Amino acid sequence: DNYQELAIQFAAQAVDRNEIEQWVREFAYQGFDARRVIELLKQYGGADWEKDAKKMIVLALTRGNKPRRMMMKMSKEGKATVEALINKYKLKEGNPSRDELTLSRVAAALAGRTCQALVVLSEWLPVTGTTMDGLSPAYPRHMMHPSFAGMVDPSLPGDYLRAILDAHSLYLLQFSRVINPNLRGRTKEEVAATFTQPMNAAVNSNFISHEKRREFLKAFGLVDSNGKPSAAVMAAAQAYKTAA
Amino acid sequence: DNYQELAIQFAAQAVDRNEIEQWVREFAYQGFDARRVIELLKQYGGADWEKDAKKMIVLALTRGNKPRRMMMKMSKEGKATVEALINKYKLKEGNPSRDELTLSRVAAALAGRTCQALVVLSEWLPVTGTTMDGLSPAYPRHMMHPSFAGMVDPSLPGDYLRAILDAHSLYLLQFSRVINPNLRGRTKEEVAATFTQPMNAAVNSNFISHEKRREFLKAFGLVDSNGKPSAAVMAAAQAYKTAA
Amino acid sequence: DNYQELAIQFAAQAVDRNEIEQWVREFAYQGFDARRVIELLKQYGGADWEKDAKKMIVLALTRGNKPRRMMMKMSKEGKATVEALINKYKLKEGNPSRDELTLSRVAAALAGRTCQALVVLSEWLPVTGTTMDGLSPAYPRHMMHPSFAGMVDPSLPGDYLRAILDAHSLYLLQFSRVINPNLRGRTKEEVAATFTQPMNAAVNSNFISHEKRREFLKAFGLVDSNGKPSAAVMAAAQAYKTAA
Amino acid sequence: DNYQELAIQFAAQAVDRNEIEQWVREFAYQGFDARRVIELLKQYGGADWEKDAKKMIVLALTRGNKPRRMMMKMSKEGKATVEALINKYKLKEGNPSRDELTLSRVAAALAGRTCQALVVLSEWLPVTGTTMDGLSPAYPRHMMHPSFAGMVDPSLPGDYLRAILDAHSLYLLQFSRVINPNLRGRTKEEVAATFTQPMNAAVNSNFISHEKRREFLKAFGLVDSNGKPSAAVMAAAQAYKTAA
Amino acid sequence: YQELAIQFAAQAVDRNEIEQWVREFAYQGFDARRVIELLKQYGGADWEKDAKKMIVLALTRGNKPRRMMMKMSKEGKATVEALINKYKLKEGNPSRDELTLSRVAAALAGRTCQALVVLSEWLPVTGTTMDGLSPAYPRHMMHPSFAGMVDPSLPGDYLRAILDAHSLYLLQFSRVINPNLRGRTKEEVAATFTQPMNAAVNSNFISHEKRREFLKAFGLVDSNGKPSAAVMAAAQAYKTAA
RNA sequence: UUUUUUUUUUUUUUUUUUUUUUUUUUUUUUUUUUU
């Protein structure tokens, strides 16, 4: 009858600070959990998950995220191996649900071996090692993939942490321009806005301890015992600010 | 026979100023319409309509208006609850027909509790409470959503009414720029033109009596017994004129 | 056998000036014939055709030509009345076949009452009376619709006829820019080319005698006993040449 | 085994100058076979093919090549006659397969009666006779259609043959700009890249012998027994070069 | 799951195993051996006579077989329709397991270059058109498939001259077949054809010994490897023209 | 990334058409995988 009464009576009901906060927690934007990726890898692989993940790292770094597209233009042995992975690990393309697996997600979740693989697969990347060497004097190979952001230790000192991030952002700038054609004509600031959000999210993520993250950067020879980066890292940081 | 005669005789008929004005009222554009929203909420919900509406207000304020898009990046419990609401209340996205329900309509019809929910969900909004506090000294939390325009009493005195609308417009300026990317580069006047039409339509709407609407603004502590707005509201009106 | 012979012998046949002219008359472009619209209105309406046409004039002038689109965002009483008209008069949208009815066609056929209705529905038009008053000093309300072109008497003297057409063109310029978004950025000349063709076609149409059409313009107070237009028309004619 | 050997042995095979030239003749681009059009006209018409083809000249010269589009906006008698022809002669629109019939093809394969009919249907063309008379002093009505290019005798002497091409191109420049809106803004060279190219093939075609082609021009009154242009053809050749 | 990942990352990377994977997961997109493997699989004995028809077909008309089929003679349309059904012929750049007219001509580049001498004026860019740009342009270079006949083991300046000379046609060819490349500069057009051109030069198919013999047979280079004056003139013509 | 296959009697626009906006707009958050 009177929808006036119904609306005020609904508003008159006391707002529960805990009930509303329990809803926002439930209706929260489900972020990228590396923990779910490894949980799914074991769910489909079991024992073969480690050997198959190594194949998927190479696959994501050299070809891409679209598995049924790369399958077409591939060797007889390769096409069969890829087709098997799509059927076994229920691999998809793009950005699907949290419960789904992609080549981009495997490589990003197992960032440790992914950065090590970059030293080997330097000239098979969308942006080759020689291309990056022409922009910055001997660019770090371990920084040549968006998954490196997950290896960055945020507990690093101010200037040292900023130098690493601005050195890695040199590749991100060159990477985004290659894989996305509409970002070629746009300015540095426009490209920066596209990759800064998931980059910093990986740096400040709960996955991989601050102690082990720093050890990984030390192992790749990016920073010393204290935390001071290499001359090449510092050179790439200055190169990123000068280049557009 | 003679279509010449028929046309002139039709025109010769005296035009009734009231009959034609009664037709334009009947054939008028009916976009939102709150009475229908509550009528539809009871039509599908029945008894659960009040508890489900509380979930939908939180859902619209924190995530958005697109329900099938937010469903993808959400928790196992959350995705199921949202999927149920889309099927139960036949929830859509954007601006559909008057007979259809949207998250941005449910929140706007139950504007009473929606404005109260903003005090709790301050930092979960697209424009956080801290962001607005940096623009205006302690910005009113109840003014931090387009649905507030439906709580504005137009029977308010000239300067007092203008101050409230200019204070609320400050959020509408910051809100539109965040949710719509092409409005980021455009001027204050360009952004103003996009939100002034539905805002004033909500202020001058027949839903919620002028007596009860003023009582709601008093309850939120926006205006006093007479109608003079609070210092924080007056500071936001001056802040809207200075900022671009 | 020899298609060479067949082709020359066919061409050798003398061309009949009357037979070919009788064919072009039969294969002639049958555009908007106002006689068919009134014929169709009586075919579906019968006795109710006059009351329903009055509703359709208001409907076309205030909302538009798309009847199923306007039906969605309309009142409970309005939606039912419109839905009935689409089913009764088999109303369509856009530019269909000569045997089909559209809200524009009904309003253009019965141009006599359509121009009279404009005086009442001044602020409910896409371009309001106040908007046109800011461009030309007190713009004629009867000229504020593309159906007015059918009320223009072509037997009018040179300068007098040109003044009316240039004054009406001012609204068409403002009207086309509002209803068609791509015509907003384009020049006056570009917009002019879109409406000049159907406008002049309505002026030089066989429907409504030259004697009665001049009487209609006199009744609206656009021209005097001789044919000299009002100051309001002359000021609108000069405004069209100055504005872009 | 060794696909290296197979490829070189294939290449080692001596290329046969005649066999390859017999293939290019077989795999040659056809497009518009006037002999096939008359063959198809008799296949569907039989005895009525001559009377029906006369009706098809007007339809392509006054309305266009799209038969189902022109059918909509046509008289009760006209719509029935056109609908019958589309069903009888299996008439299509645009540029379909060699085995298909179009109104442009029926008016091009029997160009003789088409050029003779262009005198009667002068003001019903997309570019009227008066429009062409304002550009060139009394333009020959026989040249006012792309089908006239099939009458141009290739056995006519050098500059006498170059003269018809410098006269027939005056109408085609005007014609293309009217029927195609995107060609209005483009330069004379851009129009030439779309109309002079399919024109040379029409002039140099096997259909209509060298003797009969020269005879048709004498019947209209364009060039005499050798190839000297007429008084109206001489002043028109100059008009093409002057215009842009 | 952190410990699970740390344990995975610590594992020593095998330089050979990873390099054996990238070889298997390589783009390839041609093989050339696969094209002949496919041609024999559909043709058998008729594959050699049908390939000769397909070379002429690709050189004179194009790569789209169902489009050219429409505007063709009664005998021609039937022959083409048969080839599309027999060899499962497609258009554009499809999967490695698929066949196209461009691929049939590019894999059997040997006879394709020989056919150019005959089909000179039936090409998108005629022999006379190229003769007006460079003094008597080599007919064997007048097709993108020629890049597969270029011997990379050629000396520096000699190899560069051949590539510069062939690039002149590749500039004129791309501008004709692709309309949006007409207004663009030499450098913009160069970027479109340099990638598949160099890929064909550095391809494993056809030995370096036999490749040089093919260039000698066409009269492009001498016994040593020095190109003919017509080639040298086209190399300077490519640098001067835009 | 041996890609790009254009073209050649094609192309047939207008002629009472064209109907926008209004509790709208709901962006980001390991996305983007191009030749």
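Numbering of chain C is taken from Swiss-Prot, so the residues present carry the numbers 2-245, in order.
Recorded method for this deposit: X-ray crystallography, 3.9 Å.
Note that Cβ sites are derived from N, Cα and C of the backbone, with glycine treated the same way.
For C:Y30, C:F33, C:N66, C:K67, C:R70, C:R99, C:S105, C:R106, C:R185, C:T195, the entry in Swiss-Prot reads RNA binding site. The annotation site 'Important for dimerization' is assigned in Swiss-Prot to C:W125 on the grounds of experimental evidence.
In the three-state DSSP reading, C:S105 (RNA binding site) counts as helix. Contact with chain D, taken as any Cβ pair under 8 Å, is found for the recorded positions C:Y30 out of C:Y30, C:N66, C:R70, C:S105, C:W125, C:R185. Listed in sequence order, C:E94, C:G95, C:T103, C:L104, C:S105 are the same-chain residues six or more apart from C:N66 (RNA binding site) with CB atoms under 8 A from its CB. In this structure, the recorded positions under consideration are C:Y30, C:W125, and the one with the smallest number of other Cβ atoms within 10 Å of its Cβ is C:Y30. Taken over all pairs of the listed RNA-binding residues (C:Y30, C:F33, C:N66, C:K67, C:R70, C:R99, C:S105, C:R106, C:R185, C:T195), the Cα spread reaches a maximum of 31 Å, rounded to the nearest whole number.
Proximity of C:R70 (RNA binding site) to non-local residues of its own chain (separation of 6 or more, Cβ distance below 8 Å) is seen for C:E94, given in sequence order.
In the shown protein chains, 10 other C-beta atoms lie within 10 A of the C-beta of C:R185 (RNA binding site). Listed recorded positions C:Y30, C:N66, C:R70, C:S105, C:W125 compared with chain B at a CB cut-off under 8 A give C:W125 as the close ones. All protein chains shown were included, and the count of other CB atoms within 10 Å of the CB of C:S105 (RNA binding site) stands at 18. Between the CA atoms of C:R185 (RNA binding site) and C:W125 (site 'Important for dimerization') there is a gap of 21 Å, rounded to the nearest whole number.
According to DSSP, C:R70 (RNA binding site) is assigned to a helical segment.
The separation of C:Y30 (RNA binding site) from C:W125 (site 'Important for dimerization'), Cα to Cα, is 35 Å.
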